[PDB]
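Heads up, the thing below is written out as structure tokens.
There are 4 protein chains.
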Amino acid sequence: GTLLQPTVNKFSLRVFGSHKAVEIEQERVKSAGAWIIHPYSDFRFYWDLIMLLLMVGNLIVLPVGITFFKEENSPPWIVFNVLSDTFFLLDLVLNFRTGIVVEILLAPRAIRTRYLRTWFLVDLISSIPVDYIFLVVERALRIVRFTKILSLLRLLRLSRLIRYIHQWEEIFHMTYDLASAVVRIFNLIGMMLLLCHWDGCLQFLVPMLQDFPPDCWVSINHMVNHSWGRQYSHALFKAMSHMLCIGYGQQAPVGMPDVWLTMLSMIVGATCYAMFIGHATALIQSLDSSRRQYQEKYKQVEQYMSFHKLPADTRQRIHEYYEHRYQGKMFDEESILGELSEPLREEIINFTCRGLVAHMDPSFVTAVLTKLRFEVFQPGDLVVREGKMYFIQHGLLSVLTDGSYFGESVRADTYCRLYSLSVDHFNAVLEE
Amino acid sequence: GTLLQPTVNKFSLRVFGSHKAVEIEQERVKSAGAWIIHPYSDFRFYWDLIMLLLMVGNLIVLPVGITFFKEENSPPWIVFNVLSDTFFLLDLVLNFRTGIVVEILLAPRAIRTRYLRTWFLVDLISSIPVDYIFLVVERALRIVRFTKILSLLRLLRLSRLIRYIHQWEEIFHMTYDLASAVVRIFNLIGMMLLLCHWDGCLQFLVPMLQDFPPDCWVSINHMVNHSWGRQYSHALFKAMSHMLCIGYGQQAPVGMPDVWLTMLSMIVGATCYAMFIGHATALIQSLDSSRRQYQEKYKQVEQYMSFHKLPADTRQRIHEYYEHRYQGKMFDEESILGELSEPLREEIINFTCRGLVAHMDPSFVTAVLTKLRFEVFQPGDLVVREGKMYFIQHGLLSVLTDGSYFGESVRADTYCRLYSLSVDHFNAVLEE
Amino acid sequence: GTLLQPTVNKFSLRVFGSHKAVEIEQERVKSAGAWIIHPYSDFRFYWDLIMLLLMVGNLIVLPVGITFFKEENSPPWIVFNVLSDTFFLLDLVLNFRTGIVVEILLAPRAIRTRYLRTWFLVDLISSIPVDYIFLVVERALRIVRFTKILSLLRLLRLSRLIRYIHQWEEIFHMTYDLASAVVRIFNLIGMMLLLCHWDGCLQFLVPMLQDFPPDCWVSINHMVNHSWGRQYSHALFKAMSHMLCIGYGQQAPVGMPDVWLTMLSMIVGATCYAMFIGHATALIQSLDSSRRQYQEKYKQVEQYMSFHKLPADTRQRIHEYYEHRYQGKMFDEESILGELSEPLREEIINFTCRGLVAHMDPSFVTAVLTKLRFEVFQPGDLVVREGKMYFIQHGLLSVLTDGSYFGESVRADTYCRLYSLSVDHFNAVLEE
Amino acid sequence: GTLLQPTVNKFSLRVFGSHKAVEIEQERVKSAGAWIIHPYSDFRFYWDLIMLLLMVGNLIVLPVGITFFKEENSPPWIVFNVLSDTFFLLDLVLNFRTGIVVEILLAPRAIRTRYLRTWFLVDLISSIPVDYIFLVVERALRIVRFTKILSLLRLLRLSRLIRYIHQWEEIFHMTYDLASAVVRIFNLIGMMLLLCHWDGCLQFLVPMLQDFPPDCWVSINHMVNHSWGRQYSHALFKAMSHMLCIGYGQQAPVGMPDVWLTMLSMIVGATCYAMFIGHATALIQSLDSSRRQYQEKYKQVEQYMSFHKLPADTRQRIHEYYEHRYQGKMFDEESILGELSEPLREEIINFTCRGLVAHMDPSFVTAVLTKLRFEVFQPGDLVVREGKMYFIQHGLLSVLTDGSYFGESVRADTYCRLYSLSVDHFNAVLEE
Ligand SMILES: COc1ccc(CCN2CCC[C@H](CN3CCc4cc(OC)c(OC)cc4CC3=O)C2)cc1OC
Ligand SMILES: COc1ccc(CCN2CCC[C@H](CN3CCc4cc(OC)c(OC)cc4CC3=O)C2)cc1OC
Ligand SMILES: COc1ccc(CCN2CCC[C@H](CN3CCc4cc(OC)c(OC)cc4CC3=O)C2)cc1OC
Ligand SMILES: COc1ccc(CCN2CCC[C@H](CN3CCc4cc(OC)c(OC)cc4CC3=O)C2)cc1OC
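Residue numbers (the entry's author numbering), protein chains in the order written: chain D, 50 to 151, 156 to 191, 205 to 426, 433 to 459, 464 to 475, 485 to 493, 505 to 528; chain C, 50 to 151, 156 to 191, 205 to 426, 433 to 459, 464 to 475, 485 to 493, 505 to 528; chain A, 50 to 151, 156 to 191, 205 to 426, 433 to 459, 464 to 475, 485 to 493, 505 to 528; chain B, 50 to 151, 156 to 191, 205 to 426, 433 to 459, 464 to 475, 485 to 493, 505 to 528.
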């Protein structure tokens, strides 16, 4: 009976904190006197995993089944509709009982009023079979067309599909690290494919209800008596050619329901393609930002060069210095060491340094190693004046190899990475 | 008589300041000797609310009424034009008297010269009925076509509609918080729909004035003697197919007014669709910026990892530390507490802290609570050396539960959020 | 004779500095022994103003004059070509003598070698009349077509037009403040219009050289014997329909020069329209950046709210505080006062402050006024504890009106903007 | 035998460091007991330079050779296929032996398992001639069509081409400074051209296998018995018209393989063009960032002006100050001097300063020159009060010329750039 309560996962510990907050939430669920269903429990997961599959199945199969087929009295179609109505009614019954993340777990007052205020009507319309009631209660062709238009009320399950998809993918940013633009662009691709699939069925459906006039494209292309696969292929081609702004037929369209459907599909396709270009741009601009911020910083540097009118050899020397200091990449070594915790910084220092001070109290050694600084030099650029202590990591130094010190005229022969521990910090560590 | 003066609203207090500045502005309006109209008063609001509705009504109805209908001597059309001319003349009379935000409320000198210099001519042209004067003063078909082209001068009210819309939506950024890109993109959508509606009427209007030559599309499609709804539908379809860059008919266009109108509508549609893509991109890039700045910062962090060639276990340990420190979100807790005022920071501290120091002078307690710091640790990462005081918010610590202190070998067993009050700040508070 | 030397303008003082650097540059021009022409002088300006007009005139008139007209032996055409050849030869002669901004004013060595290395050949080809030489030196229709293809070598003046336009608009960023994206987008619009105008003439030119085969569109549309205006209109419509990716005719194109010209114009139009979308996006993203950085900062603030799980009343109180502190706008008052000079800051302080300290040594007053700080409070938020001095700019305070002080239980009744001069800074000013 | 080992280049010194790390890597390659091939050596470079040329040659020639030609038994075709199979088998043999940058140079364990896990199958399929085996082992037209479909398995060499191109261009960001967006956009242009070239051959290939039905476009346009150049031109035109979303023929397509190929090419072309717009936008936004950050900063400055309601003369004075301080360009002179090394800063100071202190111990002079600060003033803005030392670089000062000092009422007549060395720093240098 603990399936209604939230368990102890990585997600529950990231949301609530320690195990004590999770046990407080479990006692809070068990304290409201009901069979209350917590929205992070396993039961909602196992239920919505079934419901998303049934939603995708219905939203793909139902327009093709309504429009293209002739006799709607086949047995597996009726079985399919009855089972879909049963599950989408039980999901409404459980939506009476679930918790709402704003977590409002008060069953008799908060959940009922919040569900009746926001999303009861759309789920109630999309749940029950409306057409079969009118068939039991009740010029037969007008009745059949009216029942087809009533049976197209099943497509209001998209408002539930969007809600459950947004809930699960809002959960799954915390269990796993995900790029946001990828999630947004695949959500948009799914929406675009679903809209194109609906426009195909709609552009066959509208000449269908008029008993195929001689002006429509179906009668012109002489394709009334083919199979449903051929008709679906041509209708989907027509819908995709209107959606991607192509230009379909020989003539301009003649009938009045053709013109307005054409214009509607053109507007929907143009807006969807504009949002697709926007998501593609937002995804491309976040691939190599570390190689872009360095470029902007070097633009500012050469602007500083141009403001003071420096000679050309000095400018190419600055260029070589930044190439061998940052290596085409932007990072701030002060703030990164500022943000971290202390023994993890001790680990990073014990990896990088603390092997160069092997020659000549461990806590004294760690304090000296924390008191260091990183420097990059250049050949010809001599560092000492005749009349601050260094260590050598790389490069050549003439007055040597990797690893030495200058105990208190030294010229750099190549690119050298050095360290420094200048005597004020050393005296502070001696005081410690 | 106080309707001409600005009242005391949320907007007036955000603009001018206290009530004293508002009373100074009211005395300034009452001191200029006139019936001067202040541009933030209620009278301009109640006037422009009527004028925007009349502008939308005229700019939708008038091209359809001029082009498609045959006899323009129906009585309600003349009544509609007379009432529109009356209101758009009275609006000119009141635009002589209004104040101008640059607020220049000097009536006889500043307002008259500024209005005559900038926008008197366009409002004067779009105000008066030009066609009826030529009809009273004055080959009859050329006269009727000339009066239609003169009656198309009513469409210079768009320059007033743009001005009033920009004034009100510049006001309504301060009464309510609004995203800027939403306002920009709905302004562009309104402009695009209005331009498409005008291109439809224009592409029926140009074959209309030539007594329908046999080369034009109206004579080819055999649609001279249909109703005006059918003709408007086909003309709007042709205009939208040129605007969205489709490709309309079987043949290339033949007549010379067809080719240049076609090219003009193609260029206008291409530029409008490019600006729509630009606004859509600018709106998409401002949805999840807090989830993007964290991504860029972590790119810089892993670049810092790659610059010093750290081992893989240390890199995944940094990754886990940032996941459980920032939780996929960028914020700077130092600058946010820097920007705020002092007792509001005392409120935030009294909510978060000041319950953990419940065990063991209230001002002393508030000073100690302001002297705290926030820390996040990791399991295995022990924090103390044998031979600074902490508090526990979450996690487990072995040598415990949530809430304890280390009064002056402690190992973190899980993710722990701790506090710190190191003895220098404590001695400063003891000095206070 | 001083027209060859740079004068004293706003631009010369912004580039070189004081008048002494300008006089050094004038002596440098007069010291190189030549009639050397400095590239910032008035003579190059007055010369290039003529040359840009002749370039636009030639690059518009010459393709229409070559392709559509039949007899090329009219007198004003020959006069026009002779005068154009004369001016574009004299411009080459002066390009031997001008200075080069890299300013290299050394005449006999630097300028000649740099001009012969980079851009001598293209200007030499586009300068001289090539076709008339072949006409004097030399199946007549092949000769006429060959002279037309040789006379199309005049269109290599675009490489000079681009160079002079970039030089002048690089100059005119410093004389006047200009948005960069506006300059870029109008340069692109000019290039796109010129390319479309060339594609029209080219798509009439290619069927022209083949003596109008029956497969081409000119023979199909029966438009060989119309005037040149009709043919230019249809050719430009065909070129613009290929460029904006429309779909032109009934059939697919049949001949082989039609297909490759069609594909070439489609590729050029697609790339130009993509760069136009890019420039439009870059222009839109730089209109309301100050209203966007505030939005991003408030996203970070509400993220900081969500990280610590604050109550709702505190969150809306932070929201009201930022609305009445920054007013939907981002600025940093510390760094702006950091960047400025000292007496200008004294001017800003003497405007804002120094009227509130009117009640109760002027240098002492200026030091106290520099030692102030700006604060914003909130109603209910009382500021003093029973048992730092303030000034009042706005709001109401109960224990008052605008302008008072607290000389060393005060409750804010409304939004209050206050000042502060806490006693350490006051003691430092007393020490001064 | 040292060609398998990495040599000493600029790239090897930038990657590994000094010469000692390179010699350690050479001893590491020579210590694994094999003929192991290091992935940065010269041998992989000289091998992949041949392999990229063979890949481009095969991926251009093979679809045109399979589809359009009739008899595939010509001798140079068989020689070409045999040589291509030989080289792409030897490349597999060497891919067994190469090192893998993750550098894993362990031959018998790491490389074999990593290559068998990731990319053995695709290279094995694309290496061997599959069709000739079925021809040796084995209604003849079905056999010929089946061998053509088997011989189209050679096009899985694109997965190797992408890998080698990404490896070399990841190497060549470090040998030379390159803009990233240029590399990305030319990679995308190459991919788009290759996909269009494949769609042309595919849209001729599909009617080819059906023995040219009368519904297809080849039989309609009466182009079965032309040469292969004409057929390739029309097929590539059809593929490019579907890819750029044009609208190709008179009728809608009739056959079922036509419709789905048409829709597939439309979707691929739309996605490629959207990514091209994204790369073009990302390239345009990185051209003039230094002229954009100044614009954003000045927006913040004028917002700070509007927040405090400053007079207009003060606002234009701030505008003139920023124009003559930053010159339309953003840079931070403190952080740039912070990032650099010390003797290079001494070089920059010795260029800019140290000529103005020529009048009135060299180390003392360098310390005073490091203790300076840069200031910009304005005419009318007098700087001294009657009752800090300066130097003059430009401008005029009345109580002069360029270069003077104020040894401890001076009015600036023009724009002046000055220096400062205020007495605390001078006393510190005297202490040094
Ligand atoms: C070291 O431990 C491991 C680390 C990493 C891994 C690899 C695990 N992988 C990490 C990336 C996410 C992926 C699956 N995922 C989640 C489920 C889901 C469901 C959706 O339907 C609502 C959805 O809607 C768009 C989007 C998504 C997003 C999504 O992609 C699982 C395995 C590990 O060990 C097993
Ligand atoms: C707690 O107090 C409340 C807080 C919040 C609310 C919700 C109030 N809502 C907040 C958002 C704006 C909206 C209406 N709005 C303003 C009027 C207008 C007119 C225009 O024509 C010129 C226009 O042109 C584009 C654009 C707009 C923008 C616009 O959308 C009103 C109610 C509250 O209590 C009643
Ligand atoms: C208070 O003093 C004043 C302040 C301000 C003004 C308004 C003066 N205005 C300021 C904006 C620029 C404009 C003209 N301009 C320069 C000439 C040019 C030539 C080009 O051809 C190469 C070009 O190529 C794209 C682009 C441009 C850009 C361009 O627009 C002149 C007047 C004032 O007093 C007179
Ligand atoms: C002062 O010393 C010099 C400084 C500068 C120079 C100019 C040298 N130049 C600098 C820019 C890169 C260019 C060639 N380059 C590298 C090779 C390659 C191969 C590719 O195939 C995989 C590729 O795939 C997209 C992309 C690229 C990128 C690319 O453009 C060489 C010369 C110098 O002296 C000789």
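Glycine is no exception: its CB is placed at the ideal position from the N, C-alpha and C atoms.
Nearest to residue i (by Cα), restricted to the options the options
i: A318 of chain A; options: B:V320, B:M322, B:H308; result: B:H308
i: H425 of chain C; options: C:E413, C:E389, C:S407, C:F467; result: C:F467
i: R146 of chain C; options: C:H292, C:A163, C:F129; result: C:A163
i: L111 of chain B; options: B:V506, B:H263, B:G471; result: B:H263
i: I99 of chain B; options: B:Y185, B:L132, B:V210; result: B:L132
i: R507 of chain C; options: D:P409, D:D184, D:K214; result: D:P409
i: residue 197 of chain D; options: D:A301, D:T56, D:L143, D:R420; result: You won't find residue 197 of chain D in this model, because chain D goes from 191 right to 205.
i: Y298 of chain C; options: C:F397, C:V475, C:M322, C:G266; result: C:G266
Residue i versus residue j: straight-line alpha-carbon distance, rounded
i: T486 of chain D; j: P451 of chain D; result: 15 Å
i: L138 of chain A; j: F417 of chain B; result: 44 Å
i: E528 of chain A; j: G492 of chain B; result: 22 Å
i: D97 of chain D; j: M104 of chain D; result: 10 Å
i: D243 of chain B; j: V175 of chain B; result: 34 Å
i: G313 of chain B; j: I312 of chain D; result: 6 Å
Residue i classed as buried or exposed, judged by whether at least 16 other C-beta atoms fall within 10 angstroms
i: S356 of chain C; result: buried
i: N107 of chain A; result: buried
i: residue 539 of chain B; result: No answer is possible for residue 539 of chain B: it lies beyond the span of chain B, which begins at 50 and ends at 528.
i: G256 of chain A; result: exposed
Residue i, enclosing alpha helix (DSSP H) - first and last residue
i: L327 of chain B; result: 322 to 350
i: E405 of chain D; result: 399 to 405
i: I468 of chain D; result: Run containing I468 of chain D: none in the alpha helix (DSSP H); it sits in the beta strand (DSSP E), 466 to 468.
i: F303 of chain A; result: 294 to 309
i: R445 of chain D; result: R445 of chain D -> not in any alpha helix (DSSP H); beta strand (DSSP E) instead, spanning 445 to 448.
i: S489 of chain D; result: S489 of chain D -> no alpha helix (DSSP H), and no H or E assigned at all.
i: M289 of chain C; result: Taken as a continuous stretch (DSSP letters only), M289 of chain C belongs to no alpha helix (DSSP H), as it is neither H nor E.
i: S67 of chain D; result: Taken as a continuous stretch (DSSP letters only), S67 of chain D belongs to no alpha helix (DSSP H), as it is neither H nor E.
i: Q276 of chain A; result: Unbroken run through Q276 of chain A: none, as it is neither H nor E.
Any non-hydrogen atom of ligand 5 closer than 8 Å to residue i Cβ
i: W234 of chain B; result: In terms of ligand content, the structure shown lacks ligand 5 and carries ligand 1, ligand 2, ligand 3 and ligand 4 instead.
Residue range of the unbroken beta strand (DSSP E) whose run includes residue i
i: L514 of chain C; result: 513 to 516
> What are the residues of the stretch 340 to 353 of chain C that lie near chain D, defined by any Cβ-Cβ distance shorter than 7 Å?
Replying inline: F342, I343, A346, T347, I350, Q351
> According to a CB-to-CB cut-off of less than 8 Å, which residues of the stretch 300 to 328 of chain B neighbour chain D?
Replying inline: Contact annotation: in the stretch 300 to 328 of chain B, residues whose CB is within less than 8 Å of a CB in chain D are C311, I312, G313, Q316, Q317, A318, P319, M322, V325, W326, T328.
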